[PDB]
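Chemist: got the complex split up, this is the first portion:
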Amino acid sequence: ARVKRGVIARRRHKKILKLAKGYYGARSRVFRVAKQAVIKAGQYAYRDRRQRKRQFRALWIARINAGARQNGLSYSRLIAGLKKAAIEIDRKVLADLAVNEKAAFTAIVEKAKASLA
Amino acid sequence: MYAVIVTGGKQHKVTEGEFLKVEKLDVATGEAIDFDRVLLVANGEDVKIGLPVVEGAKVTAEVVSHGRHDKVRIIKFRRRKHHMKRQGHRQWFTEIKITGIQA
């Protein structure tokens, strides 16, 4: 029973060249280059799921820091001010209140100053 | 009217009407949910924050559906060492809707 492998080879090639479209020049059309650029673009997508969490945390912090100097503190004395008391608020929703809801942020900052920390 | 409720180990910015996606919780479709883990309640300008939890305030929500959003890929490759391993993932979620805020 001779089997000829010309039809199940083709389905596995088109499955690679579908994930690798949108690429420059010869990385999106010939297979011995488009197999390397599919594996490499899967390692980057694995590392950058962790680095996504670090690029926003560093963006939330630098927005609280700018907004809390305009009222009269730093960032680092504010976080000790909220944790002298118990307010229990993330960085994600402080940096929303810094931009959009600016009057509610000032009513938070005055309570850290009353906490005197 | 905006609250800060804490659903699944993380908190949100809810202002009513809210087609809002939450991680999966154990309730059927079409049932009402009360969130008793609200942290600050604002109204107009009248805004109060909870020493840890603000008292009395509730948010009423109900479940629109269940689903499973994505298909993310995982490739664990080592160059030059004869090792490669793949795996798929799709995460559950639960879309709810806030008909809520109670000061």
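Modeler: In hand now; what should we look at? Numbers count the residues shown, from 1 in each chain, chains lettered A, B, ... in the order given.
Chemist: for chain A, what's the longest helix?
Modeler: Looking across chain A with DSSP state H, the single longest helix is helix A:36-69.
Chemist: What helices and strands are in contact with that one?
Modeler: Other elements packing on helix A:36-69 under the criterion 3 or more C-beta pairs under 8 Å, 6 or more residues apart in numbering or on different chains; DSSP states H and E are helix A:91-97, helix A:102-115, strand B:59-78. Where C-beta positions appear, they are placed from N, C-alpha and C, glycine not excepted.
Chemist: how about a cut-off of 6 Å?
Modeler: helix A:91-97, strand B:59-78 (3 or more C-beta pairs under 6 Å, 6 or more residues apart in numbering or on different chains; DSSP states H and E).
Chemist: Return the distance of it from the chain's centre.
Modeler: Here helix A:36-69 is found 4 Å from its chain centre; the criterion is C-alpha atoms, centre = their mean, to the nearest Å.
Chemist: buried ones in that helix?
Modeler: Within helix A:36-69, the residues scored as buried using 16 or more other C-beta atoms under 10 Å in any protein chain shown are A:37-38, A:42, A:60-61, A:63-65, A:67-68.
Chemist: One more: stretch B:87-94?
Modeler: So stretch B:87-94, judged by 16+ other C-beta under 10 Å, has buried residues B:93-94.
Chemist: which residues touch that stretch?
Modeler: B:21-22, B:24-25, B:66-72, B:74 (C-beta atoms under 6 Å, 6 or more residues apart in numbering or on different chains).
Chemist: Columns mean neighbour count and distance to residue B:42 on top of the helices and strands packed on helix A:36-69, output as JSON lines?
Modeler: Converted to JSON lines, those look like this (neighbours: other C-beta atoms under 10 Å in any protein chain shown; distance: least, C-beta to C-beta, whole Å):
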{"stretch": "helix A:91-97", "mean neighbour count": "19", "distance to residue B:42": "10"}
{"stretch": "strand B:59-78", "mean neighbour count": "14", "distance to residue B:42": "13"}
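Chemist: okay, chain C goes in next:
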Amino acid sequence: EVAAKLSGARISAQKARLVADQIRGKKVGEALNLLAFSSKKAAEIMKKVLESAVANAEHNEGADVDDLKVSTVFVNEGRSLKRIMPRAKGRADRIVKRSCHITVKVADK
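Modeler: With chain C now in place:
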């Protein structure tokens, strides 16, 4: 619109791209004047095709020879005839001999 072809024409593709880009999107009155006075080999062949596309418009489909503006000129590649040519120290190398397909398509709009 009406068309014309010359499938099998000895000049290569790349040499004859340089005469197609000169006339794409003009009127056929001055298209016959660019090709009467050009000095290239492809120009004597493309004018033979451009007046074949016109005479299919005075004939079969009605149209006058004035309102025609040449719409779509493209030149494709055809069969290549493969030949050998000897070089020095016993080694012989291979020559191709190319051709092309030309398609001039005038439109009465």
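Chemist: Same as before for what packs on helix A:36-69, with chain C this time.
Modeler: Checking 3+ C-beta pairs under 6 Å, 6+ apart, helix A:36-69 ends up next to helix A:91-97, strand B:59-78.
Chemist: And the contacts of the longest one?
Modeler: When you say that, I think you mean strand B:59-78. Contacts for strand B:59-78 (C-beta under 6 Å, 6+ apart): A:39, A:42-43, B:3, B:5, B:27, B:29, B:32-35, B:38, B:84-87, B:89-90, B:92-101.
Chemist: now the shortest one
Modeler: Helix A:91-97 is contacted by residues A:60, A:63-64, A:104-105, B:4, B:11, B:13 when judged by C-beta under 6 Å, 6+ apart.
Chemist: Kindly export stretch C:19-26 (C-alpha atoms) in PDB.
Modeler: Taking Å, rounded to 0.1, in the frame of the first residue of the first chain, the C-alpha atoms of stretch C:19-26 are listed here in PDB:
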ATOM      1  CA  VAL C  19       6.800  51.500 -23.700                       C
ATOM      2  CA  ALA C  20       3.600  50.500 -21.900                       C
ATOM      3  CA  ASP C  21       4.100  52.900 -19.000                       C
ATOM      4  CA  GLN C  22       4.400  55.800 -21.400                       C
ATOM      5  CA  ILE C  23       0.900  55.600 -23.000                       C
ATOM      6  CA  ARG C  24      -1.300  54.200 -20.200                       C
ATOM      7  CA  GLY C  25      -4.100  56.600 -19.700                       C
ATOM      8  CA  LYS C  26      -4.000  58.800 -22.800                       C
END
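Chemist: Would you mind listing the buried residues in it?
Modeler: Neighbour-count burial for stretch C:19-26, counted by 16+ other C-beta under 10 Å, picks out C:19-20, C:22-23.
Chemist: Quickly name whichever of these is closest to chain B.
Modeler: Nearest to chain B among the buried residues of stretch C:19-26 is residue C:20, at 46.1 Å by C-beta to the nearest C-beta.
Chemist: beta partners of residue B:63?
Modeler: Beta-bridge pairing for residue B:63 (DSSP bridges): residue B:96.
Chemist: Append chain D to the structure above:
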Amino acid sequence: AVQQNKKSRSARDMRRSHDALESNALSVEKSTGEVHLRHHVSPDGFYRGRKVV
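Modeler: Following on from the chains above, chain D is added here:
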């Protein structure tokens, strides 16, 4: 010497961007209504309205 890597579709097409054509010397004969090249004898043999051949 030979190359070390091959040239892509971009760097091959950029080279031949300076290689276009031109033919601009056309002129109409005042008398016979025949088209020819400026400062040349017309193909019926008229130069500035005079038969020469």
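Chemist: same question on the buried residues of helix A:36-69, but with chain D included?
Modeler: A:37-38, A:42, A:60-61, A:63-65, A:67-68.
Chemist: Would you mind identifying the next helix or strand past that helix?
Modeler: helix A:76-84 (DSSP states H and E).
Chemist: Can you name the residue of chain A nearest chain C?
Modeler: Minimum separation of chain A from chain C (C-beta to the nearest C-beta) falls at residue A:29, amounting to 19.1 Å.
Chemist: Count the neighbours of the closest residue to that residue other than its chain neighbours for me.
Modeler: Nearest residue to residue A:29 in three dimensions, chain neighbours excluded: residue A:17, at 7.4 Å (C-beta to C-beta, 6 or more residues apart in numbering or on different chains). When counting by other C-beta atoms under 10 Å in any protein chain shown, one arrives at 15 neighbours for residue A:17.
Chemist: just the buried residues of helix A:36-69 now: which is nearest chain B?
Modeler: Looking across those and measuring by C-beta to the nearest C-beta, the closest to chain B is residue A:42, at 3.4 Å.
Chemist: need the contact list for that closest one.
Modeler: Residue A:42 makes contact with B:73, B:75, according to C-beta under 6 Å, 6+ apart.
Chemist: Distance-wise, check it relative to residue A:11.
Modeler: 20 Å (C-beta to C-beta, to the nearest Å).
Chemist: can you pull out the strands in chain B?
Modeler: Secondary structure of chain B (DSSP state E): strands at B:2-5, B:19-22, B:32-35, B:38-43, B:46-49, B:59-78, B:83-98.
Chemist: part of a helix, is residue C:44?
Modeler: Yes. Assessed by DSSP: H, G, I helix; E, B strand; the rest coil, residue C:44 belongs to a helix.
Chemist: Nearest residue to it in space, please, no chain neighbours.
Modeler: The shortest distance from residue C:44 to any non-neighbouring residue, by C-beta to C-beta, 6+ apart, is to residue C:35 (7.9 Å).
Chemist: What's the local residue count around that neighbour?
Modeler: Quick note: residue C:35 (other C-beta under 10 Å) scores 23 neighbours.
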